[PDB]
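Undergrad: model the following, please.
(chains A and B, ligands or ions: 4)
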Amino acid sequence: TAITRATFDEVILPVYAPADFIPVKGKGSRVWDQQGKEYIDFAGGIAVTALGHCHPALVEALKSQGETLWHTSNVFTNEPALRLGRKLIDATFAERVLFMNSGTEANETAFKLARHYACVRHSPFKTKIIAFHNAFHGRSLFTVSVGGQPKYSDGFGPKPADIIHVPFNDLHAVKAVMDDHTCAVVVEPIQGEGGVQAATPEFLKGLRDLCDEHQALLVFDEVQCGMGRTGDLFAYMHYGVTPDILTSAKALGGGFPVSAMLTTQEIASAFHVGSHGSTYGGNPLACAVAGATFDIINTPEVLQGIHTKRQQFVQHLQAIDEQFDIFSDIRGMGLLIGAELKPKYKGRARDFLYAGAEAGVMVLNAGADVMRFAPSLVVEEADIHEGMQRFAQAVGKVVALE
Amino acid sequence: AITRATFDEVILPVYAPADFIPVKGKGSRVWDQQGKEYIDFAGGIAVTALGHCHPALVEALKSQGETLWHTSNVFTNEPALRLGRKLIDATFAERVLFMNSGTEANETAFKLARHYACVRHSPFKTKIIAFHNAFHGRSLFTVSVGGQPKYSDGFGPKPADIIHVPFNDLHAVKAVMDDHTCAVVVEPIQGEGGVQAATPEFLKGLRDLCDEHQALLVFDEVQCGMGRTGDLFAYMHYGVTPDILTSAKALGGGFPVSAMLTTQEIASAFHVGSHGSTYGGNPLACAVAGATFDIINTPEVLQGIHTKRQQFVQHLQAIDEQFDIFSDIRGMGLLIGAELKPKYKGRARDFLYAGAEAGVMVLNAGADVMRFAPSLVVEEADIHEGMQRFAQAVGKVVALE
Ligand SMILES: Cc1ncc(COP(=O)(O)O)c(CNc2cccc(C(=O)O)c2)c1O
Ligand SMILES: Cc1ncc(COP(=O)(O)O)c(CNc2cccc(C(=O)O)c2)c1O
Ligand code: NA
Ligand code: NA
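TA: Numbers count the residues shown, from 1 in each chain, chains lettered A, B, ... in the order given. Ligands and ions are numbered 1, 2, ... in the order given. What follows is the structure:
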């Protein structure tokens, strides 16, 4: 009855193809598997462990709140939720927040809100949502239909309608499809899944202008790119384009299942009692942990450190390219890094990831052509050098015949 | 200072929370900011199935919390596989998927039923049959499968091919089902819908019709699962085995966690990348749910749920004898609904508020029904104390006459 990679196939729905090793312990930006093999973690569980594994402050918040109160339901409010809400409100454009459990749920709330606001303020026919090719917004039927990857939205029966997709960064295309029957434009300021592509300033400002013109709400999905990832608290702050609604998850709780939807009072008022809800959403345990996380991430020193560390990674990636000639582009913001493979290595991202893991380093992909890095925002310089040397080793092994 | 007014300044106006704010819980007692003590018969809507800060759950939280919280589903993890094995061993399930809420578990179940039909039968086999008054969550898809139009209206185009008929109306289901039907989705006991239990004939009938039409029978046990009814799952009480089952709430005793349970044959319809989750199935949630499962799935705890139900029922009967307020006491195990007599129709919220004033937390199940969903291990002493408080509350409401 030992637990092995084979056990996965016997137990879990076949929706994942997990690695051949099972991480069992983590500390900072290091992880150990069952055999005690050590890995440097540049993946962050896909940009989630923004303060690494078992950060003492987050462990302390978890344990202390864990002794006090976990859950009371939204029949009630609670102190950690209200404290966290205040912090988000003070630090951002938001005037009101709703807490949920996952990015998908935050997006569901955001999209329902944009829909309902249009229904109540303007017209029940103002239903069109504009989104972008390659977008990822979650796995619910509604959110995956707003997502821009048909491979993930096909095959589940009738999709919720009135969603139009155009290319990311194509402002003309957005102008062309938008009208007085449009309720929302939904965009990731950096498409994390779709090759780590950042919105251009003209594009993002243009979305703000078009939403103003058409009385549509601009929704920023900052599930991946928010909570310090870009080296600003939220990516919108880098761009200086303020959305109507913003969603946050992943880094928000440093690994704890939590998410948030942020908006203004005027927009929040379109919801009435019972318009939306959640059993677990905004429970005091999640909110205590996310509070601790927020308090660390939202400091000048940590935010500056994110840029320092980005350049430490970028310098290694450039050195790897000088030696092995494998990258055409190194992009992203802060500690969301994408490195696009040259045409010679098109479709090989998964192979470099696999070789990385063999070499003791966890990395990501962003589609089949792009390597992705989303380490802890406080990853130690020593871990960056050690892990990037392991990665350079993996690259060397892969390109040996080429 | 954090007050009730603070909520109005901070959270979307989707809730109208009580004027008091719980800050601490231990077992089935809760304290607010003023230090007022409450007996908890609400369980945060049937979630804290082992009460607040149960030592075993706190232990599991702390132990895993100092080890590993999250690695993403790029990897599996020991707690997820341990918990999966436990659920598989104890139920009809052969495979599971962990998610973060009941809504998410239902999303997974409904997408799976749809996808299984598409790949195993026909892309046109899309009809989902569900029931009036059903509650399945708040996502656009799940609220559309839910049977309360008030909650699904007003969000733009709903996902199509969902048909609603009355709960417990087997004839109506037979009438709407055909070869183009992919699923029948049902709560074995409708919790939010007045605490209405399925009849044996209705549930066994759904199984037969699903077999006839090659549709999947999906039990939403988010509320009635994980010991709530005095069996591990309500389907076990009924002896009707569904094709897919969803679980949340009690599963994590307060921790955000949920599960979708099915057979290998059905699970195999999904391919890699068909569904997924960032947080779903993380080792922390699974460690806590594992500890919860290990406690709830014992003969003693499950026997106790029935002893305790009768303790509640007897008090509710004593209250009706004194005050003439209840027409029916129903539900299963420690999901209890007490329907109000005609004279008190629509006033369940009045009794809930009087309850809170009197130091006892209770629920409603629509405007005509009082609902109780305490910890499955609630102490006899707390049942008596909370029920005497509730009796004082009823006395106060009746006295205004
Ligand atoms: C931009 C974005 N939006 C929404 C979600 C949905 O969040 P939840 O999973 O918590 O429901 C996500 C994250 N969802 C997700 C899941 C698996 C992989 C990846 C990846 O970026 O490779 C992303 C995301 O990255
Ligand atoms: C049968 C059922 N199905 C799905 C859900 C959705 O679960 P989540 O909330 O974890 O996403 C629920 C519970 N959802 C829920 C929320 C608020 C109130 C009530 C109530 O029964 O009064 C129920 C439920 O009771
Ligand atoms: Na603000
Ligand atoms: Na089994």
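
Undergrad: alpha carbons only for contacts and neighbour counts from here, please
TA: Fine.

Undergrad: contacts only, for residue A:232.
TA: Residue A:232 makes contact with A:238, A:303 under the criterion Cα atoms under 8 Å, 6 or more residues apart in numbering or on different chains.

Undergrad: again, but for residue A:168
TA: Residue A:168 touches A:132-134, A:199, counting by Cα under 8 Å, 6+ apart.

Undergrad: what's stretch A:394-402 in contact with?
TA: Contacts for stretch A:394-402 (Cα under 8 Å, 6+ apart): A:320, A:324, A:351-352, A:355-356, A:358-359.

Undergrad: just the ones of the contacts of residue A:168 in strands?
TA: When DSSP state E is applied, the contacts of residue A:168 are split such that residue A:132 fall in strands.

Undergrad: which one (most neighbours) among the contacts of residue A:168?
TA: The member of these that has the most neighbours, counting by other Cα atoms under 10 Å in any protein chain shown, is residue A:132 with 24 neighbours.

Undergrad: how about that one: which residues does it bridge to?
TA: With DSSP bridges as the criterion, residue A:132 is bridged to residue A:166.

Undergrad: surely it is in contact with residue A:171?
TA: No. Look at residue A:132 against residue A:171 with Cα atoms under 8 Å: they stay out of range, at 10.9 Å.

Undergrad: checking my notes, residue A:32 in a strand, right?
TA: Yes. Counting by DSSP: H, G, I helix; E, B strand; the rest coil, residue A:32 is part of a strand.

Undergrad: not counting its neighbours along the chain, what's nearest it?
TA: Sequence neighbours aside, residue A:38 is the residue nearest to residue A:32 in space, at 4.6 Å (criterion: Cα to Cα, 6 or more residues apart in numbering or on different chains).

Undergrad: list phi and psi for that neighbour.
TA: Geometry field for residue A:38 lists phi and psi as phi -100, psi 140, criterion degrees, to the nearest 10.

Undergrad: and it, what is it in contact with?
TA: Shown in contact with residue A:38 (Cα under 8 Å, 6+ apart): A:30-32, A:360.

Undergrad: nearest to ligand 4, of these?
TA: Closest approach between these and ligand 4, by Cα to the ion: residue A:32, at 31.3 Å.

Undergrad: verify the contact between the closest one and residue A:21 for me.
TA: No. Assessed by Cα under 8 Å, residue A:32 is found out of contact with residue A:21, at 9.5 Å.

Undergrad: burial count for residue A:322?
TA: Counted with other Cα under 10 Å, the neighbours of residue A:322 add up to 11.

Undergrad: before we move on, the earlier item: dump the contacts of residue A:168 to JSON lines, plus distance to ligand 3.
TA: Shown next, in JSON lines, are the contacts of residue A:168 (distance: Cα to the ion, whole Å):
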{"residue": "A:132", "distance to ligand 3": "28"}
{"residue": "A:133", "distance to ligand 3": "31"}
{"residue": "A:134", "distance to ligand 3": "31"}
{"residue": "A:199", "distance to ligand 3": "24"}
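
Undergrad: which one of the contacts of residue A:168 is nearest ligand 4?
TA: Distances from ligand 4 to the contacts of residue A:168, taken by Cα to the ion, are shortest for residue A:134, at 38.5 Å.
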